[PDB]
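Next input, structure requested:
(7 chains)
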Amino acid sequence: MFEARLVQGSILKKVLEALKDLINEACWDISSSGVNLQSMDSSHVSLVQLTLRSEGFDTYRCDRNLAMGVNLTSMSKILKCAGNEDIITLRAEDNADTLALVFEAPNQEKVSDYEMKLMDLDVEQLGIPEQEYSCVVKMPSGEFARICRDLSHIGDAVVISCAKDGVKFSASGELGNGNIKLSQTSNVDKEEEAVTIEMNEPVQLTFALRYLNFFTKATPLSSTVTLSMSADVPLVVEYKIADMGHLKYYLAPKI
Amino acid sequence: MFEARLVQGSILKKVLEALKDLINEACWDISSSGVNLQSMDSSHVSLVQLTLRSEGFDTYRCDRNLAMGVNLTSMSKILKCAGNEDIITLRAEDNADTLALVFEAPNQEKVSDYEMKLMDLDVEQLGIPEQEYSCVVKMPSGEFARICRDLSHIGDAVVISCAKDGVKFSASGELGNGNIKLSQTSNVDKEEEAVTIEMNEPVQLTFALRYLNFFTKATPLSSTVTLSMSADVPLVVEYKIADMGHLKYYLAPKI
Amino acid sequence: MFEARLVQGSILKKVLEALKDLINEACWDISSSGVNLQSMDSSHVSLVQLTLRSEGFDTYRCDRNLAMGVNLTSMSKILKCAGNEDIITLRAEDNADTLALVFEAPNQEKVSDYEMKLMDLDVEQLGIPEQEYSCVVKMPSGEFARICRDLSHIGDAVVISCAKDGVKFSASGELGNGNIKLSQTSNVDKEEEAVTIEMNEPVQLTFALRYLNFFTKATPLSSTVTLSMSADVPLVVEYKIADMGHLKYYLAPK
Amino acid sequence: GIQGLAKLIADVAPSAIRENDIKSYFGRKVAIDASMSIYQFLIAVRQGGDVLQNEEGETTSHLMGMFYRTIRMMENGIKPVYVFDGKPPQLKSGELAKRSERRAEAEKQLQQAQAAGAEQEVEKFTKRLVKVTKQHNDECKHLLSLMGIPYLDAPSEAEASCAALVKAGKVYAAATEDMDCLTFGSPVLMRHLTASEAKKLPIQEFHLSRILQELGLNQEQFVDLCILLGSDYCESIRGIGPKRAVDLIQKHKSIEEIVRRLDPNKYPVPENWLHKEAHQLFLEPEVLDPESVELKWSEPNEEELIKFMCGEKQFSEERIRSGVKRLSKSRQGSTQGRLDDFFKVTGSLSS
DNA sequence: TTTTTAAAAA
DNA sequence: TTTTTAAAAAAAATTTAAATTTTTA
DNA sequence: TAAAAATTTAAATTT
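Numbering: from 1, shown residues only, chains lettered A, B, ... in the order given. Please find the structure below.
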């Protein structure tokens, strides 16, 4: 018996557009204290850690810690059935085979019920410990889309260098030799253009690019990407959703 | 010598873009007091009934009841060679096998002369009259295009429930149960937004969705859709063009 | 040590997005007073003549007359990484066959260095200027892209007639028979949207249209086309880049 | 092969079939049923009836097929090993004789297709006249030897050695079209190796661990289940198919409860129906020890591979050159580590 | 080696 | 009527050249 | 609002 009503509806559309092309079999860990999606790629390369808390939902009411598992292509089509201003009311029953989505119109002429059926689905949960990351950089998200897309044009691997002066995204391949230095802002105090390069140690890690393109498909969710990593841990591509939580992405480095 | 100077050439551009992916070989039954088309080119009943009256044209001069066969995707390409603010002139000499299309740009710079190579083809129309349409809904074309475009993602069957409170575009299939309901809004000062329903008895008719998607791809002719149906009479998708006529589509229900 | 500080890097981006599909391998004849490219196409029926002079770059430096073989699809996919307002600074090495391109932002936050793997290919000059061009048509490039895109739907061969009151584009085929008489509009006080023409002899000749569609992809470079043609001499499709140089396009008529 | 096992798994367990992408893995070492690929490029690759021959009058279609498939899957990051068929056992020789009689019937109808002049019947009946030979085995082994991509010669059929390769953990998957590796004990089985088009046949995995978890059965219970489905060693019970076997294994144990429960008049047991070593070789097959041999994805030899693949087999230089430069591009090192090395699994969720 | 599927069959 | 057996249907992959969606403003 | 641009499909060849 689960019912979550959102006073802005485009954020779940952005979450499903972020989570369509990456993973398809995801199980929604819905508790009384929030909505969680701890899920992982089918080839065990990338992890998705969505957290939507109770403070941003207009009417959040879930009694038991019920877990549902949808097809995220199907739920992405259902979230493509809603417009950008539709009031989205989630709706479910106890052990229900169907997930009901009520896309209420903001001007109240289109109340579109959507009974999307579930499936029997299990996803293993990998517990991320709370750890201090060395290269914690907070940097603009459309800029990250530009970096990931324009280096996925070049090759298949990005060798990120973190230092005191700035972060350095370097990609190599047969096409050429990309090397993008992204320095620290010293003049702009706006949060949507600030590129903070605060360190604990300099690191040098090599990640993939199709998975980083799938990661940076979460561009309209947030302006800032708290890109947190260290020398051995997979990086945290965190998109701070406005007063609901964070869509955290995890990708293991190549060795 | 048939003559039709149309100053709002985007109307004919949108008619040919609507009928490009639906009808391939259509007869242009040109009358002395209007331009008519009655054809179908599908395995399902996909009758397209177009009216282009002579009152809304800038200059009409036809002295014969000629009807020419047109490979309609080629005329759709030639009408796609026109502009959105372009004056479109139709000529047809009696002894020639050409439908002469002349485009006059409004800055009087680009003057075109396209000749559409006609071919001899005869099809038999069926002639659906206005046979007491019990349930008619007047509603925005963007709303109907949105409803059909996102209900085609679920399945193929749309059942259309209607009552005094609103029209219900329920659809179910391989993915879920999508139930888009609407509300009659006579209090909206915007007349193109104001959903008005005239209902005698409630109806519930299963319809196809790819043919109805081809039907609702006639969107930017008119802001409103005069969608009307009866209990066993096929569906009418009417686009009342502004002082030009109507583009009526015919969809047989799936019993 | 070649170095070319170019402020409006969208000019070079629109060059390499105008030459990616027509040209697959090209040579950049970098002189000390500009850069040239007189390469052939893949089917060896057209010729792309490109010239960016050194008076449009911010700073420019050369030491030799170095020529490098550049895969233009590769450099087009590298020039897609720059923005529409990002500056572009080319860099070349004598010992190493790399074309380094750094893309600084308008602010000082993002520097995008980009090296290249240069191919090795022969160089030759087939310009042949002063061909006694009979008529010019100085029409807008969006209008010419509209002409090529609309006439491409009918057939693959276009004939172009020239007269004193205007220029006539017409083709044929099974799909129809089009004829666009683009008129004299020099009366417009905007010279940039005006069509100006001069005439010495009436011409009518059959050009190709697929390679004309390949030519007209330089419509974001300049918003005028200085097309000049003759009886049997191949035409130009000249794109006069603003205070930088010019890009021509030759096609021998069929 | 097992008749109707994949349809039974798609009916029962949708959570064990994972339709993944071709490019999704990028470093998951798989094991190929090689002779299945030899036949899959011998039937399918033809000039409308004419197989890809040479100047010496010997075929080359399976070599170009493995070339194009292996470059298209290493370009997506998959590192294969091609485990070849060896000696089929004596218990398999009945269905081998049935396939031989099917080939004899197809060669009989090929003469009527040649005499009738039907241009499409002759193509469909030279489809069934295929033969993996020792010449074909040595030719495919020589091509994979000049690939630098390893091949493991099995002492039995290749499905059991692929299952032993996955069970030892030397590879991570058994990329094999038929479902014999699920009853030979491989936890991971991906099918439909079509690296060209994603929408045509996507890569579907077969988690045997998920099959043995949702059913609750163990390994030998699944072996006896595949016996009552019917395999290429032992015939099935007459009157018992896919829907009966899930009921007859799922609340049950083995063969002995069937032969003490099922009466021999409604569902009669076949005569000379051997299961005593059919169960035993399914649990314990004659395979290679995977800890002995080492998988070596070495650098390819260039110029003699170009001259053997082109001048002896009538091929263009630029296609084979593009294939070997794509392999040298695809083999750069930089092994992609998975997330299970870094984050520990703290359970799962139910639905 | 695979899937359907339309007749039969308990 | 679900099902089991039976007699059929079938096993790719690359470039080349339209077609159908997504984004850009 | 449209067209580049990424994407998908079908057809002849891959010998």
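
hey, let's count contacts and neighbours off CA atoms from now on
Fine.

distance between the lengthiest helix in chain A and the chain's centre?
Counting by DSSP state H, the longest helix found in chain A is helix A:141-152. Its chain's C-alpha centre and that of helix A:141-152 lie 15 Å apart, by CA atoms, centre = their mean, to the nearest Å.

packing partners for that helix?
Other helices and strands packing on helix A:141-152, by 3 or more CA pairs under 8 Å, 6 or more residues apart in numbering or on different chains; DSSP states H and E, are strand A:166-172, helix A:210-215, strand A:224-229.

which residues sit against it?
Surrounding helix A:141-152, the residues in contact under the criterion CA atoms under 8 Å, 6 or more residues apart in numbering or on different chains are A:158, A:169-171, A:178, A:180, A:209-210, A:212-213, A:216-217, A:219, A:222-225, C:78, C:80-81.

One more pass at 6 Å, please.
Applying CA atoms under 6 Å, 6 or more residues apart in numbering or on different chains, the external contacts of helix A:141-152 come out as A:171, A:209, A:213, A:216, A:219, A:223-225, C:81.

quick one: which of the residues you listed is nearest residue D:288?
Using CA to CA, the shortest approach to residue D:288 within the contacts of helix A:141-152 belongs to residue A:209, at 37.7 Å.

circling back: show me just the buried residues among the contacts of helix A:141-152.
Listed as buried from the contacts of helix A:141-152 are A:171, A:209, A:213, A:216, A:219, A:223-225, C:81; burial here means 16 or more other CA atoms under 10 Å in any protein chain shown.

Now tabulate those in JSON lines and tack on distance to DNA strand F.
Rendered in JSON lines, the data for the buried ones among the contacts of helix A:141-152 read as follows (distance: CA to the nearest atom of the strand, whole Å):
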{"residue": "A:171", "distance to DNA strand F": "23"}
{"residue": "A:209", "distance to DNA strand F": "18"}
{"residue": "A:213", "distance to DNA strand F": "13"}
{"residue": "A:216", "distance to DNA strand F": "12"}
{"residue": "A:219", "distance to DNA strand F": "9"}
{"residue": "A:223", "distance to DNA strand F": "14"}
{"residue": "A:224", "distance to DNA strand F": "16"}
{"residue": "A:225", "distance to DNA strand F": "17"}
{"residue": "C:81", "distance to DNA strand F": "13"}
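
Among those, which one sits closest to residue D:45?
Sorting those by how near they are to residue D:45, with CA to CA, puts residue A:209 at the top with 34.2 Å.

Flag every residue of the stretch 201-350 of chain D that's near chain A.
Remark: the part of the stretch 201-350 of chain D in contact with chain A comprises D:334-339, D:343-350, using CA under 6 Å from any CA of the partner chain.

Now a ChimeraX select for only the buried ones of those.
Listed next is the ChimeraX selection for buried residues among those, using 16+ other CA under 10 Å:
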select /D:336,337,338,339,343,349
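
could I get the residues of the stretch 201-350 of chain D next to chain A as CSV with secondary structure and distance to residue D:302?
Shown next, in CSV, are those (DSSP: H, G, I helix; E, B strand; the rest coil; distance: CA to CA, whole Å):
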residue, secondary structure, distance to residue D:302
D:334, coil, 22
D:335, coil, 24
D:336, strand, 26
D:337, coil, 30
D:338, coil, 32
D:339, coil, 36
D:343, coil, 41
D:344, strand, 43
D:345, strand, 44
D:346, strand, 48
D:347, strand, 49
D:348, strand, 49
D:349, coil, 51
D:350, coil, 53
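
out of the residues of the stretch 201-350 of chain D next to chain A, what pair is the most spread apart?
In these, two members sit farther apart than any others by CA to CA. They are D:334 and D:350, at 36.1 Å.

circling back to that earlier point, wait, does the helix or strand following the longest helix of chain A make contact with chain D?
Sequence-wise, the next helix or strand beyond helix A:141-152 is strand A:157-162, with elements assigned using DSSP states H and E. No. For a cut-off given as CA under 6 Å from any CA, strand A:157-162 has no contacts with chain D; the smallest distance is 9.2 Å.

Strand partners (parallel or antiparallel) of strand A:157-162?
Take DSSP bridges as the rule and strand A:157-162 pairs in its sheet with strand A:166-172 (antiparallel), strand A:204-208 (antiparallel).

nearest residue to residue A:121 other than its sequence neighbours?
Nearest-residue entry for residue A:121: residue D:351, 5.1 Å, with adjacent residues in sequence omitted and distances by CA to CA, 6 or more residues apart in numbering or on different chains.

The one you found: how many residues sit nearby?
Residue D:351: 20 surrounding residues under other CA atoms under 10 Å in any protein chain shown.

wouldn't it be in contact with residue A:123 here?
No. Taking contact to mean CA atoms under 6 Å, the distance of 8.6 Å between residue D:351 and residue A:123 leaves them out of contact.

show me where chain D has strands.
Counting by DSSP state E, residue ranges of the strands within chain D are D:17-20, D:29-33, D:79-84, D:151-153, D:173-175, D:189-190, D:203-206, D:344-348.

Now distance to residue D:72 too, for those strands, in CSV please.
Formatted as CSV, the strands of chain D follow (distance: least, CA to CA, whole Å):
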stretch, distance to residue D:72
strand D:17-20, 16
strand D:29-33, 14
strand D:79-84, 11
strand D:151-153, 18
strand D:173-175, 14
strand D:189-190, 16
strand D:203-206, 14
strand D:344-348, 33
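
so which of these comes closest to DNA strand E?
Across these, the minimum distance to DNA strand E, taken as CA to the nearest atom of the strand, is reached by strand D:29-33, at 9.1 Å.

buried set for that closest one?
D:29-33.

Of those residues, which pair is most distant in space?
The largest distance within these, taken as CA to CA, falls between D:29 and D:33 and amounts to 13.5 Å.

so what's the closest residue to DNA strand G within chain A closest to, chain neighbours aside?
With distances taken as CA to the nearest atom of the strand, chain A approaches DNA strand G most closely at residue A:153, which sits 8.1 Å away. Excluding its sequence neighbours, the residue lying closest to residue A:153 (CA to CA, 6+ apart) is residue C:77, at 6.7 Å.

now residue D:228
Closest residue to residue D:228 in three dimensions, ignoring its sequence neighbours and counting by CA to CA, 6+ apart: residue D:236, at 5.1 Å.

if I read this right, the one you found contacts residue D:224, doesn't it?
No. Assessed by CA under 6 Å, residue D:236 is found out of contact with residue D:224, at 10.5 Å.

now the residue nearest to residue D:228: how far from DNA strand E?
13 Å (CA to the nearest atom of the strand, to the nearest Å).

do residue D:167 as well
When distance is defined by CA to the nearest atom of the strand, residue D:167 is 19 Å away from DNA strand E.

any idea how far that residue lies from chain B?
Noted for residue D:167: a distance of 37 Å to chain B, by CA to the nearest CA, to the nearest Å.

count of neighbours near that residue?
Other residues near residue D:167 number 19, with proximity taken as other CA under 10 Å.

what does residue D:70 give?
Applying other CA under 10 Å, we find 22 other residues in the vicinity of residue D:70.

Spatially nearest residue to it, not counting backbone neighbours?
residue D:80 (7.8 Å).

Repeat that for residue D:342.
Leaving out its chain neighbours, the residue that sits closest to residue D:342 by CA to CA, 6+ apart is residue A:233, at 6.9 Å.

quick one: which of the helices and strands packed on helix A:141-152 is nearest residue D:303?
Shortest distance between residue D:303 and the helices and strands packed on helix A:141-152, using CA to CA, is found for strand A:166-172: 26.9 Å.

Quick one: distance of that closest one to the chain centre.
With CA atoms, centre = their mean, you get 22 Å for strand A:166-172.

next one: stretch A:211-219
Relative to the mean C-alpha coordinate of its chain, stretch A:211-219 is positioned 8 Å out (CA atoms, centre = their mean).

Any chance you could list what contacts that stretch?
Applying CA under 6 Å, 6+ apart, the external contacts of stretch A:211-219 come out as A:18, A:22, A:141, A:145, A:148.
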